[PDB]
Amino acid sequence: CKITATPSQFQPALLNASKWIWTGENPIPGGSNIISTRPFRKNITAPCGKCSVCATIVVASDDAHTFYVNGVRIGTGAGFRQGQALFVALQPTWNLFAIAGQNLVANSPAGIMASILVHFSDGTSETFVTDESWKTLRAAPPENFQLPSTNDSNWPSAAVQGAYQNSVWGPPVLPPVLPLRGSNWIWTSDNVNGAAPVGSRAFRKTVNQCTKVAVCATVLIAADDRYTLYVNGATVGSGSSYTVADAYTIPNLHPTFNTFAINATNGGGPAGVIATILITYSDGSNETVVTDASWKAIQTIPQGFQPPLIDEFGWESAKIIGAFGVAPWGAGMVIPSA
């Protein structure tokens, strides 16, 4: 229950050990199936002596899926060529994962594949996957099939349709951990006419939903020249590339108030910092924060620019240099896989 895990480099959930599953209505795996919707459930328990905190999920489907965690709809998606990234807070000892899969083309294959990378309170992680231990039904999902109160003890086992490397679908591409589409390159307002002075600049963003309980954050960040990233005053990481982005996991968020602070440095010419942050809440919801004009910025970095509760007098609104994609940096940022 005590969280000794600390901020770390983001660890990708992989699909390599995962299996495609369906109902087995057609006993040929990868065989033709009817248009239909089918349920899939798995109760996963935390190993002895650890608490589960949150999970990075990658899910792929032929043809479409709706993903639930402990009764809460977490995401909807479709397609088997590229997986979908989802993030969710978890109960400490067990968690019910439920998926409604849909086959949308008659006489065509059908399948659900997911990988669930659970992070534990002690800083360790374990991947769980769709396989034959999941429960299903040869029928449309009952009402409230995804709720933990539904009893699945008399459900049949899911039928494996294929493996990551051996299936009709081939191996799905991992999505990026988080999008940079939707974020902006920002800087202090001394950034004009495509260049900014040499020097360091600081940026701050606070999230404070005092009626919710925040659990984990995933951060994706890049800066033209370099950055150091802080959360609630603690150093998270640093980078020096505007073509290869860095991803971090913050597993020990404060429950209600969290401040992200950045020291970014321009070595000459253009400058900018860009980031996308996803925070998970204990009720299963999430929120995304992006670098934009709601961040604060300052041109001379004061002592203790990174502590959570400083006086922000004399900080300006950060300037939007451009949405992700603009010249000179373009759209080709290398982003870690989800």
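Don't overthink the numbering: it's just position in the shown sequence, from 1.
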Avg C-alpha B-factor, entry values, 1-9 vs 327-335, higher side is 1-9
Comparing 241-249 with 136-144, the higher average Cα temperature factor in the PDB entry belongs to 136-144
Scanning 161, 151, 84, 184 for peak Cα temperature factor in the entry gives 151
For 167, 235, 218, 130, the deposited C-alpha B-factor is largest at 235
Sorting the chain's modelled residues by C-alpha B-factor and splitting them into thirds places residue 23 in the middle
On the chain's distribution of Cα B-factors, residue 321 falls within the third called middle
Residue 209: C-alpha B-factor third of its chain, per the entry, is the highest
Residue 48: CA temperature factor from the record, placed by chain third, in the highest
On the chain's distribution of Cα B-factors, residue 71 falls within the third called middle
